[PDB]
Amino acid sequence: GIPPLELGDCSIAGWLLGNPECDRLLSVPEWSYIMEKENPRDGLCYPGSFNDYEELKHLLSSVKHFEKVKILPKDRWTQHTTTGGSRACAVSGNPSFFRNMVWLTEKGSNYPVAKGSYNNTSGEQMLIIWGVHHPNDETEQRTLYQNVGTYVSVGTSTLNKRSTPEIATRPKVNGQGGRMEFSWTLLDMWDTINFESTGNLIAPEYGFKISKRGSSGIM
């Protein structure tokens, strides 16, 4: 009291993305510090990578509480399918997905340009994560996103990242040759994040407003 946040089997990635095995951590109160195991099992259910992961762990050492803000409600994506799930993130024998993320896919045999924006009027700096899906092959690319030749652009006043998916056969991990590469940014108060993609975007539905700052950290 104030108690630590013990992640148990969950990694910081699993917690923030909302790996379904980490559902116990969907809403957490203020903590004194964060306790993570040396090699947590529950991280990226759909396999992949997380850019600047150590730097995110260092930022979390100075955060003592988050408030999840619904920055991009799933219903806003009216021209895309948002129900996308995988057996890699299965819940009760059914395909599912990261709780805080949205897999945008083709709807009615079309993937029109996906655009979304959020103005940080939350009252504090906000951590936002998004992903890029790197399929296993061109057949997978066309099935999910209609065509080969796509991009994912994310921008703020301090960020300009415009990614191209890498289509490549890979050894199966968690039943998948595809990979999802996640990145993060800190959106300043009153700044706007803009998302634009012609395919392969794993959009956040939530952002994490930094509600309490303080020293102690991550064990």
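Numbering starts at 1 and follows the sequence shown.
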query: Average Cα temperature factor in the PDB entry - higher stretch of 2-10, 210-218; finding: 210-218
query: Stretch exceeding the other in mean C-alpha B-factor - 183-191, 32-40; finding: 32-40
query: Maximum C-alpha temperature factor, selected from 82, 109, 136, 100; finding: 109
query: Candidate set 92, 105, 120, 141 [ranked by C-alpha B-factor, highest]; finding: 92
query: Within-chain third of residue 22 by Cα B-factor, per the entry; finding: highest
query: CA B-factor ranking of residue 63, expressed as a third of its chain; finding: lowest
query: Third of the chain, ranked by Cα B-factor, where residue 56 sits; finding: middle
query: Among modelled residues of the same chain, the CA temperature factor third for residue 165; finding: middle
query: Third of the chain, ranked by Cα B-factor, where residue 177 sits; finding: lowest
